[PDB]
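A.B. asks: Below: the sequence, then the experimentally determined structure.
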Amino acid sequence: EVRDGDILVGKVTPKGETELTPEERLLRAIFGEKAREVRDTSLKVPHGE
Amino acid sequence: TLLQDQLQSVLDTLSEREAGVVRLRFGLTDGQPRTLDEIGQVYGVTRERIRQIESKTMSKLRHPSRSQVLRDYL
């Protein structure tokens, strides 16, 4: 049983090779987690459904 | 922008040295990542002195009272 905003299909695409702000890159060192070189673009449910 | 403001409010509460080490290191006040000897060059210190104060600073940053307001900012 879903509500609106839930995730339907796990979809993910590569980003490429970009640069970051130094401030967020600092925080990623603070939280010790680089994510990946991909994009978080998955299938989710439309609203009121 | 408010994220950068929280960077200011949290980052100004630590010591005088570590502010300049992190800012001049990570390219924050200027915008460019630098080598090891560049920010130790203005201080007249060694690379290991920078690395122990910076690494101990990274131990200070994982103190969770600071991390609580910053976890959602991921």
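C.D. replies: All right, it came through fine. Numbers count the residues shown, from 1 in each chain, chains lettered A, B, ... in the order given.
A.B. asks: Residue 17 is in what secondary structure piece?
C.D. replies: Going with chain A. Under the criterion DSSP states H and E, no helix or strand holds residue A:17.
A.B. asks: Not quite, go with chain B.
C.D. replies: Assigned by DSSP H and E, residue B:17 falls in helix B:16-26.
A.B. asks: does any bit of the helix or strand immediately after that helix in the chain sit next to chain A?
C.D. replies: Using DSSP H and E, the next helix or strand after helix B:16-26 towards the C-terminus is helix B:36-41. No. Taking C-beta under 8 Å from any C-beta of the partner chain as the criterion, helix B:36-41 and chain A are apart, separated by no less than 13.8 Å. The way it works is simple: take the backbone N, C-alpha and C, and place the C-beta from them, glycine included.
A.B. asks: contacts for helix B:36-41?
C.D. replies: B:20, B:21, B:24, B:25, B:46, B:47, B:49, B:50, B:51 (C-beta atoms under 8 Å, 6 or more residues apart in numbering or on different chains).
A.B. asks: Show me how to select, in PyMOL, the buried members of the residues you listed.
C.D. replies: Burial among the contacts of helix B:36-41 is assessed by 16 or more other C-beta atoms under 10 Å in any protein chain shown; the matching PyMOL selection reads:
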select buried, chain B and resi 21+24+25+50
